[PDB]
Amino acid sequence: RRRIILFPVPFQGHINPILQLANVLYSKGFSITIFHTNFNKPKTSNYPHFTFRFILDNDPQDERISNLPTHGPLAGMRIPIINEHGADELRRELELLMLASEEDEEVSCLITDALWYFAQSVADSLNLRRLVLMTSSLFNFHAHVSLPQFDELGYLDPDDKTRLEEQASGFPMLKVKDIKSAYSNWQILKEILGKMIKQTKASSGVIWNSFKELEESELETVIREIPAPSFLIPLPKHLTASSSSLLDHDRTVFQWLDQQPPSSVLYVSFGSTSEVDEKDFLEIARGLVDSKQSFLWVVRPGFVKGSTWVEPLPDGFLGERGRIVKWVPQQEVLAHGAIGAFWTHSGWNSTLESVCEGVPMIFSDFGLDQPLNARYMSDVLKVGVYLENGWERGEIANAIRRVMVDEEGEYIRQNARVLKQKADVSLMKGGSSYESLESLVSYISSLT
């Protein structure tokens, strides 16, 4: 009997992939222990089959995180804080857990978010193998390792170098526009992106939340840059991240979706972290109204700057085919037959979820890996359209309509339907994802 310890980054788009992986691994016969901060903790009563151990965040709270808040662009400062100061606590806790293990039981390995690059020299010190879980796409990692050339071509200078915004250099997928968006706040990113890449290269294995036919162009880079084995597993095809939600689900939404004709409803959701200037939020609203299609729109409270949920929204300005909710079980909704399209912020989990449900997309982005996910899905796969010039109602309403109603967008809908079938075929015996999971499980069993 073998135990796996998993250590997520405590944000929605990080615990979701990592707890899906833990359920999958638990299905292959492993014991699961999850290490978590108290901050942003999942409902552990939804995981009766997991052991939960809360660390680094506890109750005589250290002063670097003691006053750090819980909302907005800022709570993420715990990732650098914990990377630079958490090693000794992580080592005691791993030592305690190994010491407390029954002897018919062995810790096969540690799996952490790639962002926890500090975990690598901790696991080494304990002669424990660490595997990395990547929460964004092989394609964006190819951009990360391409960064030395980007900076030297003048691409990440947002001020002094502008206005050469089309086809980019050793990377014809993207426009220069997309590289500047991706790395806008530059040297916060490069230290973590540096140390993260350096220590996943040093890990014992990298698990990618993806499937081979989704990013086949990018495989050779990952094989050539990372000596550690790589495994491509599409987690949304295995299970939803539903029970690792950190907000309560509406689920009244399903009685209303049951009243829509098939493929007639646009799902709108801009992630778990994004915020928008009220001026922008009412232009998004009017684009939905001008589109003339039914929409179900998740507006997470705080989304709007600065209001507490939608107080700028008028009469029911929306309504008679529009609905606003605070939070849904997103993938379950994408799977309901009423949903014909998904307007996303191009977060990698949402994007993969929609790909795995066969829903074409409209792409907006808020930076980081998002504009490259958006360009990749919209121009290489061509499973949606990309609104790359900001918020304008007209251009919003034509994007929605072209994906959902226009004959001209039928190839985009067909692409989405086919991409899904490729994800399901990869899961069957002899498929790319199936063989990765079989390799990963046998690999983890040999580390023991």
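Residue numbers here begin at 1 and follow the sequence given. Each form is matched to the other, and the largest set of C-alpha atoms that superpose within 1.5 Å is called the rigid core.
Here 354-362 and 67-75 are scored by the root mean square distance of their C-alpha atoms in 8 other deposited structures of this protein, with each structure fitted by the rigid core; the higher score goes to 67-75. Of 166-174 and 260-268, the stretch whose C-alpha atoms sit farther from the shown form in 8 other deposited structures of this protein, after fitting on the rigid core, is 166-174.
Compared with other entries of the same protein, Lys180 falls outside the group left without coordinates by a third of them; all model it where both flanks are modelled. In the record comparison, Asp159 is unmodelled in at least a third of the other entries of this protein that model the residues flanking it. Look at the C-alpha B-factors of 161-169 and of 220-228. On average they run higher in 161-169. The question of which stretch, 140-148 or 321-329, has the higher mean Cα B factor is settled in favour of 140-148. For the set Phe270, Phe363, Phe211, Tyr155, the maximum C-alpha B-factor listed in the entry falls on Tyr155.
In the deposited coordinates, the residue among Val206, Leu372, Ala100, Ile197 with the greatest CA B-factor is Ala100. For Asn40, the recorded CA B-factor ranks within the middle third of the chain. Only modelled residues enter the ranking. Ranked within its chain, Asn398 lands in the middle third, by CA B factor from the PDB record. Annotation for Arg53: C-alpha temperature factor in the middle third relative to the rest of the modelled chain, per the entry.
In this PDB entry, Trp186 carries a Cα temperature factor that places it within the highest third of its chain's modelled residues. Among all modelled residues in its chain, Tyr26 ranks in the lowest third by Cα B-factor.
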